[PDB]
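Per the numbering used here, the sequence shown starts with residue 37, numbered consecutively. All C-beta atoms, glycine included, are put in the ideal place defined by N, C-alpha and C.
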Amino acid sequence: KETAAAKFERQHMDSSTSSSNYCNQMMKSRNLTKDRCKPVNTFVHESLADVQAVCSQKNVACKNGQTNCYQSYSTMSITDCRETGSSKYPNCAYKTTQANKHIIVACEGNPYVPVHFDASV
Ligand SMILES: O=c1ccn([C@H]2O[C@@H](COP(=O)(O)O)[C@H](O)[C@@H]2O)c(=O)[nH]1
Numbered sequence: 037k038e039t040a041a042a043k044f045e046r047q048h049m050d051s052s053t054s055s056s057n058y059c060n061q062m063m064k065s066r067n068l069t070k071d072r073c074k075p076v077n078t079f080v081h082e083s084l085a086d087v088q089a090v091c092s093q094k095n096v097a098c099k100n101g102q103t104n105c106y107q108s109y110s111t112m113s114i115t116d117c118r119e120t121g122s123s124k125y126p127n128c129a130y131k132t133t134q135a136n137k138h139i140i141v142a143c144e145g146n147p148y149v150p151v152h153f154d155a156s157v
């Protein structure tokens, strides 16, 4: 069905813009609360082209020890969503935290595009 690149865009891209309720709404609408409350998830508020370009930027080790992760040279506008301590599926609750940080994504395929959000720094 959904490609890895498409799933990345679904789980991590929001070029369209946050408020205190952003994560509650967004995690729901992007289907990250379907089977489980996804504990941690980041949305990137840059253009797709800008985020895709990260796959030709600074090559860094992935957290899992693979070598196909890439760090943005520039900081990017992001929102971190983190499940609260009182969150209970299926009413998943998140704290919304905006920041401007370098992103690290894993890239794969031809074309070579982001498939996983690894970290922000
Ligand atoms: O800063 C972070 C750290 C992890 N993640 C999430 O991204 C997950 C990696 O899975 P994927 O990007 O393939 O959905 C990771 O395990 C965590 O759930 C973020 O979005 N941002």
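To the nearest whole angstrom, what separates the beta carbons of residue i and residue j, a pair I think is in contact under 8 Å?
i          : j           : result
residue 73 : residue 131 : 13 Å between Cβ atoms; not a contact.
residue 78 : residue 128 : Residue 78 to residue 128, Cβ: 16 Å. No contact.
So, is residue i buried or exposed, given that buried needs 16 or more other C-beta atoms within 10 angstroms?
i           : result
residue 86  : exposed
residue 158 : Any question about residue 158 goes unanswered here, given that the chain covers just 37 to 157.
residue 46  : exposed
residue 154 : buried
residue 97  : exposed
residue 1   : Because the chain here runs from 37 to 157, residue 1 falls outside it and cannot be looked at.
residue 52  : exposed
- Query: Touch check for the segment 146 to 153 and the segment 37 to 44: three-plus C-beta pairs under 8 Å?
  - Reply: The answer is yes - the segment 37 to 44 touches the segment 146 to 153, with three or more Cβ pairs under 8 Å.
- Quick check: the segment 115 to 126 against the segment 88 to 105, are there 3 or more CB pairs under 8 Å? Touching, no, given that fewer than three Cβ pairs across the two stretches are closer than 8 Å.
- beta strand (DSSP E) runs contained entirely in the segment 123 to 157, provided each spans 3 or more residues: Counting only runs of 3 or more, we get 130 to 137, 139 to 144, 149 to 156.
- Message: As an exercise, report each continuous beta strand (DSSP E) stretch of at least 3 residues that is fully enclosed by the segment 85 to 125, in chain order.
- Response: With a minimum length of 3 residues, the continuous beta strand (DSSP E) runs that stay inside the segment 85 to 125 are 94 to 96, 105 to 107, 112 to 119.
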